[PDB]
Amino acid sequence: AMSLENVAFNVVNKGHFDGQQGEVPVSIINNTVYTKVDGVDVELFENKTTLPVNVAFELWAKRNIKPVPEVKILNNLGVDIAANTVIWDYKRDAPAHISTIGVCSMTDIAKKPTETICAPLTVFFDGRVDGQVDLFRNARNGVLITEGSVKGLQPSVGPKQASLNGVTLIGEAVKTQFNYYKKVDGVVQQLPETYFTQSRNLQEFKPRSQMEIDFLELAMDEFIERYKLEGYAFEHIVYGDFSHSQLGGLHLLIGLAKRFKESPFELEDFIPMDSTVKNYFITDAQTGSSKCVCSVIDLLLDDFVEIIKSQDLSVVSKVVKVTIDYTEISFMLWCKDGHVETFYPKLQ
Amino acid sequence: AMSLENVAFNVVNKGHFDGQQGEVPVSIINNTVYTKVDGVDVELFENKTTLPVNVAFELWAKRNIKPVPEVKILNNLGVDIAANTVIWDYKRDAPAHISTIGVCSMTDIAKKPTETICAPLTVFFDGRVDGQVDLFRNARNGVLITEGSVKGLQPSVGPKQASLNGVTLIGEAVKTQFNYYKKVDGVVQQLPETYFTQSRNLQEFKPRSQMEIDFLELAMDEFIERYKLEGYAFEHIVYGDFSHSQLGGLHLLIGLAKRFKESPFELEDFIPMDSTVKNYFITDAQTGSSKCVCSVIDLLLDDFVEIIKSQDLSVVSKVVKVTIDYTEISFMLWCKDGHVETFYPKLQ
Amino acid sequence: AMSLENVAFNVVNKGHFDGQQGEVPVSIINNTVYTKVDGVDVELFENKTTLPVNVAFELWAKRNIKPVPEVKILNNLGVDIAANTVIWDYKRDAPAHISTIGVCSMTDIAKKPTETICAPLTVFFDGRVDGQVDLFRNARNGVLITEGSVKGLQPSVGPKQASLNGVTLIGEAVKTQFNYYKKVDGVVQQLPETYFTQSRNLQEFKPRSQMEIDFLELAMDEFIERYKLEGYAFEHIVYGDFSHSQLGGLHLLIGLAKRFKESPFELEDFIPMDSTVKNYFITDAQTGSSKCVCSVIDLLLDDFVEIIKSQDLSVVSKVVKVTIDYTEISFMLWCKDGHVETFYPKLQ
Amino acid sequence: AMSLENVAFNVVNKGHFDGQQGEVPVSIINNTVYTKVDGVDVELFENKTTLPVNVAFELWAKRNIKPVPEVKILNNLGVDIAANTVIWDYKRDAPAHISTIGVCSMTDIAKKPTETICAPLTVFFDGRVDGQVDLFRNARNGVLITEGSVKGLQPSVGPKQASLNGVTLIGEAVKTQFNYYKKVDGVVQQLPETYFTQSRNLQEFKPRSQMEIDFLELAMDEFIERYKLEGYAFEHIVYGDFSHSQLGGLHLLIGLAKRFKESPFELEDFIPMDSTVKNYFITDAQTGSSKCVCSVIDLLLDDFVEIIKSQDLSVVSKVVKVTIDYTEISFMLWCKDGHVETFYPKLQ
Amino acid sequence: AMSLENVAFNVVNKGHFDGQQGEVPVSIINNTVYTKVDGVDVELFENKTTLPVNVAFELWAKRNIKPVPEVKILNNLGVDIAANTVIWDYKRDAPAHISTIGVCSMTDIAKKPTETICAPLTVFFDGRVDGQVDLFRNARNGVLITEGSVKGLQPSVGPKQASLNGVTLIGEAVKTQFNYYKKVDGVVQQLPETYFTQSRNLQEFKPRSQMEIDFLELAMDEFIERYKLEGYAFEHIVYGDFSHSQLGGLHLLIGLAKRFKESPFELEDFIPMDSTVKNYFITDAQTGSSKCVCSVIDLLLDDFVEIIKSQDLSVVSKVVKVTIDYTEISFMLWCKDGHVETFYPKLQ
Ligand SMILES: Cc1cn([C@H]2C[C@H](O)[C@@H](CS)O2)c(=O)[nH]c1=O
Ligand SMILES: Cc1cn([C@H]2C[C@H](O)[C@@H](CS)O2)c(=O)[nH]c1=O
Ligand SMILES: Cc1cn([C@H]2C[C@H](O)[C@@H](CS)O2)c(=O)[nH]c1=O
Ligand SMILES: Cc1cn([C@H]2C[C@H](O)[C@@H](CS)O2)c(=O)[nH]c1=O
Ligand SMILES: Cc1cn([C@H]2C[C@H](O)[C@@H](CS)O2)c(=O)[nH]c1=O
């Protein structure tokens, strides 16, 4: 017996939709949901989605509040819809998927993922919910996450981190590292060998290896010397060149974090969505060096060093394909005289 | 257990709110309420009110569907709020009153008119609803309508017509003529002797007396001759003078209806609400004669003739006060040499 | 190379989208599309849909401008989407279907109806477009209209009328009567024997048989006498009973048209969409007789007489199912002593 | 001392802006202006313009309420702005011009038309306002209307009709026929000899000559015979050909009015603004004959007969230029063997 | 061949409009532009301007991405429009100028600044764009910036800083100090001697002289002693007096920055736009001392000391005019017994 007033009751009393009975008076004005408290209107939700306001409010109240895979992982695995949950995309302030299954009458394409409409879609299944491992076993197309083994299914160890209420973290009190499984047309896939992005912020960047600690503490020349990185253009690619009007390199988040400690810069996120590679229009405040499309990836510095050191450096320009977050990332590799000139996630 | 989805269920299945259980999926976009039918959105309500869309939808669904007093009558009697009903104003496409009692959680100031918040307000009571005559006797301020006698209460016979779902009519299958009662400060008030406006339209105007039939069929000079109206300026007041740039007189609806048969005209209703006297910005299409503020009243021609023939014509200018629809309407009477020059509902 | 400015160029120069090259400056403000003419903004389109304004403008410009089946027929046949066209619903001022195929990048689920996403959906195909009969033979689910024979496919003769730019008409200069074909799960389905609604308006109702001419010209008792309709409750069902507060019967459009000639009435279309049976909240202006849910069907009076005269009248109450517009319409038949008491399209 | 509350006071009390002192409480919600009456909100203005609601409300209240040239005439004369008035376009529900002079602080480019910003613009001047003839003599660019002679200025007799509060009429109580004067680059320009469109509606079309009365009363063949119009393709051009899917000819409003008497048709005004030639997407209801772009002009039938009879008919196709409403209207003349095939206001 | 879909393609792929061919599907909902990515809507732009959303999106995509003069400088120089660029005002989130030249079809008044409409306007010209120095030489009214000498034109050295993508900076990798030139009615002006505001932020304030370093490091009494500022009321004007309910002085940004290090305060920017002098409604959090209109200017402390030390201190109150950012700034100077009481940028 779903209703706007019941969703609002749940938000006010339970912090989110919790299946509780009850109703609170609500008013809708433009794209905002309000409720009366002490005789005055209090805002419960402002719609930032392209869905109708009451519909978006319901999907947001029904968002998954357990650690879930980051949207970039789900997107890279081709997930179309989730089974009986809403994966809320905190970067877009919107549902990660267009439709739902057993969530909301306005967006539901089905009540159960066993309905024929779901068979062609890659349905996200959560092994932490009773019966969902079995539903995945019977599903034509799907992606499954579990905390442990599934009998007979060979797992893919996912990233250490997961998103919990829009906070990306490596769980200590909760498990965030999932086993991943994928079926395409009834066939359990062998998920590829993959690197994972680290999903760190610039403001609270923390190193996750001795190499990363050395990159942040050491000066450019002594780090490159210590790790034998001469000829790999880390001065351009990772540290960044701020000497010309066009900002040189700066494609690894760790390099942006090191620069951020010294001086600030503007990062215009012109396509604001979670993705393995992010594109920013960057303006360095200290120098005025800028770049319209600066592709940035947050790889563990050791993983980036392994990738660059594993390439043939004898060609002027070529595409280097690296599986990151289960997707194929194209990088452009530019070399001269057996040394790297630049290496960056391809802007295509 | 009120809800948007339950109000929508009632509208879809019962044509209005009928206390039925059930829910339909709804989407709100901007100021319109939609429901899904055959996979597509169908409009159930467009909010033309200053209330939030969902609140206005509920009051509209809960509108009174019995013949009720026309809003102009309620306004003239000082009605502030209705007891456990919504008087919908079909001319404003909005509730006739700001607040409610026992109707909707967002607009309710009380659940019952016996609550102390209602005591200072003139509450509308309907004797056709069980217990409402008793609530009127206990109310400090109120207006009561009944179909018959109330023991000990002196009645006022109201207009023949009432509004049924926005159609003003003299009931044949239903009763539309009510007894009216009013209380101010716990004391029943004597309602004055009053004329009533006829509530006719220009497009479908029908005469309601032999004098009115003669006005529409006869030529100006022979009507005035037949009814001995020489010296009462009906040529200006009722027929209208279209010979100058400023349209002369034309203050009785019957005169506008007679003119409308010959040639059309524009009537700008610049304050669009039901009132005993209406003000229009009129432009005559045939002549180009116009008037920014042309006060128009729809009185039965016999009643208007009785009013004008009952005035002293020996003063240049004076205010003539006539009780119409329970309100005192001020008219400006201009005379010269014992004859009327003009007589019009006095502009403010 | 689709664009808002190109769609606007087509609307301004061709009256609709006509595949022409060119661009006009456009401004979007709120839900309206404007273009500059003589230095000022001129409205090209007001969005009444739940789609984004620019998306709705494109689908509207790309609406089918040939005579097409009325939306009620498509809905009754289970049509979900149209192949490479937009069926515009002129009663809802919106696209008849949520998604498109080869029409607009924002609403397209596919470019061609042969894509696997279309297989589960009932795709509308138009034999007047080259290759669409072949696409229907290859489609798993679909509805096809043609002007002539399709080799081996058994046809269903559709209604005489079709909608041309929102005008329902029986074509004289164009063909409006189509052959209909339908497929479910890759199998051609036999369309049932059906009556067709006449799609007439109350304001411009025209009789289409000698019986219908006699119903409108003759008095109630002599019509019933002439057509031997004694005992079939036409007095209640067709003519309508306006003697009580609840309006009795009045379920055939021809009866509403006969009443409309004598006196007016309000018809609240509370679910405004094209359907075989319409539900209205009716208020008779002459009497004040009203009904919240008055189901009305526009059948040719001869067809309604054939239906009612073909029923067993020996049971108190039973459901009578009649195929009308390809859908099964349930009617409630109430009898007493071998005579009809009431017969109406059964309310849900 | 202009203000929103003062404009609203003027609208409520004077029917429009009348320079009166006073204020009324107003509320703005979305694009509508409301005022409180009897404790509830009453709509004073709904903004249909691309200006801010409060700005549009002020220009609308300050609209010219005297008979003014129809917007199509002003547009054809190149008018950009009006001197100290607002020409309201009643077909667009918006100001005819983007900017103002001495009207409203938000839209004013100047307080007086003598300011240098006005010199390049064609300013509309009204000889009925004191000092405006002098302002026209001092203006570099302008259009002047007067009721009589201006010493030394050669006049152009304008159309008989003018627009008074959105009603196009030939004044009887007011003057609607003006003398027109125009200046370009400080030099008075000779206005060309011109025909004038009649500005009639389809619903209330009235003939204005014996030829027009004969066209509406007589049958096609006897009218063409009486007026010796054999060989001028009036059967196609004026009467219209409804025998094929594409509606033939039908370019004179009088022909559409004659057809309208027999059967109705849909006229989609896809660029809704006043213009000498109008383009409609027409659908004939009787036949289903339709045309995406049907150019229609309302010329007096005698004027159209004079135009067509004054052309050389010995060429297959040529452009015929006719001055109508001061603008040069291009017509496409198609002939064969010394007879007209078609003649229509040439589509762009 | 400009279009919404092409502007969106450029934003998505190039970070801004870069003249690239291509189209992306877009949806417009209310004042926001979205594009489809991975089946879901991603926000590209939210309109904060008074222009139509699609128009503002285009001007924002076409903003100048080179270091440009800060809007306060352009405003102070009387710039009305820019030649073939958009100066985006990052403080108003809107275009700095109402109209454009060769930028966007909806806002363009001309395609080239040589068109007669541009001659009266002060057109901004950029010597870094080929041909713009020459266009300025031929322009009646304009402001020109260059990086070096223009033959024959005497330059005005502008501020050290410029705005690069909304970041005000003193360029190291790019040039931000321009030569300024101005023509008024075809005559090259002698730009006045001027101070420049420093355009610093409170959060990241950095001293730009030894005096400024001493002001931030030293205690009030020893700074005033070191720089011989006794009698100039720096205790009130620069340091600020927080001992009474009305906050005393505090008109130099450096003083606000020194206070900000110790304790925070609210600065309400009630007219949010770039200006030489800013007015704030300030509330000191530590003391509760507040001021509705606290004028603040960011001058180099040495420049402010030079200004105050160059005034006659023998009058109670007078206006002191100082050219700052090319505009005349009025300051109120209050003295008593040959000493300053207060000196502040005049609130007029
Ligand atoms: C309260 C509120 C939340 N949201 C979204 C933003 C975050 O993605 C997330 C936070 S729980 O939900 C809105 O969009 N509007 C709101 O008002
Ligand atoms: C359907 C509908 C109705 N109304 C109001 C208008 C009339 O006053 C009355 C008619 S039942 O209710 C709206 O305001 N919007 C609507 O959509
Ligand atoms: C001009 C226009 C049309 N439409 C819809 C209404 C009709 O169903 C149909 C008529 S062509 O198109 C709108 O919705 N808004 C418009 O402005
Ligand atoms: C009352 C009102 C008027 N207008 C415009 C429409 C007509 O062109 C004209 C009629 S006076 O003024 C609006 O736009 N909104 C309104 O509410
Ligand atoms: C993405 C975006 C930008 N803008 C404006 C803000 C800044 O002035 C500037 C930042 S590049 O552009 C908006 O107004 N809305 C937006 O969504």
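Just so you know, the numbers here start at 1 and follow the chain as drawn.
According to its header, this structure was worked out by X-ray crystallography, 1.9 Å.
For all residues, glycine too, the Cβ spot is worked out from N, Cα and C.
Marked as domain 'Nsp15 N-terminal oligomerization' by Swiss-Prot: A:3-63.
What Swiss-Prot lists as domain 'AV-Nsp11N/CoV-Nsp15M' is A:64-189, and the listing cites sequence analysis. Residue counts for the domain 'AV-Nsp11N/CoV-Nsp15M' (A:64-189) under DSSP (helix as H, G, I; strand as E, B; rest coil) come to 16 helix, 40 strand, 70 coil.
The domain 'NendoU' annotation in Swiss-Prot covers A:206-345, and the record cites sequence analysis as its basis.
Long-range Cβ neighbours of A:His236 (active site, proton donor) (same chain, at least 6 residues apart, Cβ-Cβ under 8 Å): A:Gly248, A:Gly249, A:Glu341, A:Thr342. What Swiss-Prot lists as active site, proton donor is A:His236.
Sequence-distant neighbours of A:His251 (active site, proton acceptor) (same chain, six or more apart, CB under 8 Å from its CB) are A:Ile237, A:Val238, A:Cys294, A:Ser295, A:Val296, A:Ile297, A:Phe343, A:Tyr344, A:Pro345, listed in sequence order. The feature active site, proton acceptor is assigned by Swiss-Prot to A:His251, with experimental evidence given as support.
Listed in sequence order, A:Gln246, A:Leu247, A:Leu250, A:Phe281, A:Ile282 are the same-chain residues six or more apart from A:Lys291 (active site, for uridylate-specific endoribonuclease nsp15 activity) with CB atoms under 8 A from its CB. Swiss-Prot lists A:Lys291 with the feature active site, for uridylate-specific endoribonuclease nsp15 activity.
The DSSP secondary structure for A:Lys291 (active site, for uridylate-specific endoribonuclease nsp15 activity) is strand. Residues or ranges marked as site 'Transition state stabilizer' by Swiss-Prot on the basis of experimental evidence: A:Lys291.
What Swiss-Prot records for A:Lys291, A:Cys292, A:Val293, A:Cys294, A:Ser295, A:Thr342, A:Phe343, A:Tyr344, A:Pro345, A:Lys346 is uracil binding site.
The site 'Uracil recognition site' annotation in Swiss-Prot covers A:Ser295. Counting every protein chain shown, the number of other Cβ atoms lying within 10 Å of the Cβ of A:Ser295 (uracil binding site) is 18.
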Are there residues of the same chain, six or more positions away from A:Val293 (uracil binding site), whose CB falls under 8 angstroms from its CB, and which are they? A:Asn279, A:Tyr280, A:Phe281, A:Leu347
Please classify the secondary structure at A:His236 (active site, proton donor) using three-state DSSP. helix
Distance in Å spanning the most remote Cα pair of A:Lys291, A:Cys292, A:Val293, A:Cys294, A:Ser295, A:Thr342, A:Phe343, A:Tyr344, A:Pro345, A:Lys346, given for uracil: 17
Across all chains shown, how many C-beta atoms besides its own are within 10 angstroms of the C-beta of A:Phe343 (uracil binding site)? 24
Counting by DSSP secondary structure, give me helix, strand and coil numbers for the domain 'Nsp15 N-terminal oligomerization' (A:3-63). 20 helix, 18 strand, 23 coil
Identify, in sequence order, the recorded positions in A:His236, A:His251, A:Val293, A:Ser295, A:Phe343, A:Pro345 that approach chain E with a C-beta to C-beta distance under 8 Å; the answer is 'none' if none do. A:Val293
